[PDB]
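A single chain, nothing else alongside it, follows as structure tokens in the form deposited in one PDB entry.
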């Protein structure tokens, strides 16, 4: 019926621009990870030598070198997410400062939601899925660097259990961006009206897409406490790095997001 239709229409619209804005979807990710024939097997990096062997395609010192990598990829993700946000009906019509504020707080929560897509209990796709880097290798890195990925993996395992597909996530990450309770928002109300609409998009999306799945909407919403969790941990992890590795550069775009989080 006409309300549903309007919401389904919204669902399709977001799935479509989500596909357009993100080169490594979950569907691709799982094909690579599970061993399907639509895609290519990843090289696997499980230790120092394979790191060195993987290098050739796919300089300070390993742990820092890997870390810098995750960060540069973060910046790209920020761009990806920024382009996607623009496609969210009403988003570019907001106060410019709120648009900025929504992204400042939004992108990390979204980065880790989608990073889940690239993860299973044993490791994570890198270099656009050409690589795979195992959780143990990471966890093995010289502290404090052995610690930046574990909390991600932890969330990812819980979260991947919900069994969401890209078309569920497209709406979910829209919901995240359009969070009216962000620090310093000028006009909360129009932000809430859009989110009210996205939420309704999601509630229907989940019920149609996952009908046997009880209270998935509620369960998916509850997952945001985990996101903020790992997001704050990360910035604590960074305050420490900055403190001990004063020769390690940090990207300005990322310095902007990190400040006063």
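Positions refer to the first chain, counted from 1.
What follows is about the form solved in complex with a partner chain, which we do not show.
Judged by heavy atoms within 4.5 Å of its partner chain in the deposited complex, the contact stretch among the candidates 75-83, 132-140, 115-123, 163-171 is 75-83. Its partner chain is not shown here, and in the deposited complex it never comes within 4.5 Å of any heavy atom of residue 24.
Contact annotation: residue 127 falls outside 4.5 Å of its partner chain in the deposited complex, judged by heavy atom distances. When contacts are judged by a 4.5 Å heavy atom cut-off, residue 91 counts as touching its partner chain in the deposited complex. For the chain shown alone, residue 103 is a contact residue for its partner chain in the deposited complex, at least one non-hydrogen atom being within 4.5 angstroms.
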